[PDB]
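Starting off, we have a lone chain in the form deposited in one PDB entry, written out as structure tokens.
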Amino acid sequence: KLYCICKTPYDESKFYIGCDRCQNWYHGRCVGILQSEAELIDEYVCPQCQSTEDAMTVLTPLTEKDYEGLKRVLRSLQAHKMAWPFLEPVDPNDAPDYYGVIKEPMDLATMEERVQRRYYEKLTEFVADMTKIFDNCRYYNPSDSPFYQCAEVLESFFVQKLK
């Protein structure tokens, strides 16, 4: 029976904190929780359990309520002052080779269509589409391009809105 992150036999003399979920025990030192602090918590959830929980959270089927959130985030990007180049599909007149270089184009108008028809089933998929907009930009344009830089800024804004 190996307990804790350190995977060691139980030592009757050491201080441990239990995780109800997985029923494992952790040396307060291994998870960095002082005994005084341990008393301040009612239901401790170990790191592994918390990680798995979050991983499962972002993959959970989206609910109508969840969509209120996706709509908000999408609208915030569309309203961003520097988001004008991604509101609609790239126009060849501005970049003749674009659609030959970018195999999976994406834009905010298309994401809006997909949001409306509830095309996304998990938060991960919605995030994938948005990331695609930024990745395509950084891929097509050189790093010293204002557009490449804009993609950088907008993605950080996106990550913040998601938090």
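Start at 1 and count along the sequence shown; that's the residue number.
- Taking the mean C-alpha B-factor of each stretch as recorded, 123 to 131 and 97 to 105 are not equal, and the higher mean is that of 97 to 105.
- The stretch with the higher mean CA B factor, choosing between 88 to 96 and 73 to 81, is 88 to 96.
- Across the residues 59, 137, 30, 111, the deposited record lists the maximum Cα B factor for 30.
- Residue-level temperature factors show residue 20 in the highest third of its chain, judged at the C-alpha atom.
- When the modelled residues of the chain are ordered by their C-alpha B factor, residue 11 lands in the middle third.
- Looking at the C-alpha B-factors along this chain, the one for residue 26 belongs to the middle third.
- When the CA B factors of the chain's modelled residues are split into thirds, the value for residue 38 lands in the highest one.
- In the deposited entry, the Cα temperature factor of residue 115 places it in the lowest third of its chain's modelled residues.
Below: the form deposited in another entry, not depicted.
- When the chain shifts between the shown form and the other one, residue 68 and residue 102 travel together as part of one rigid block.
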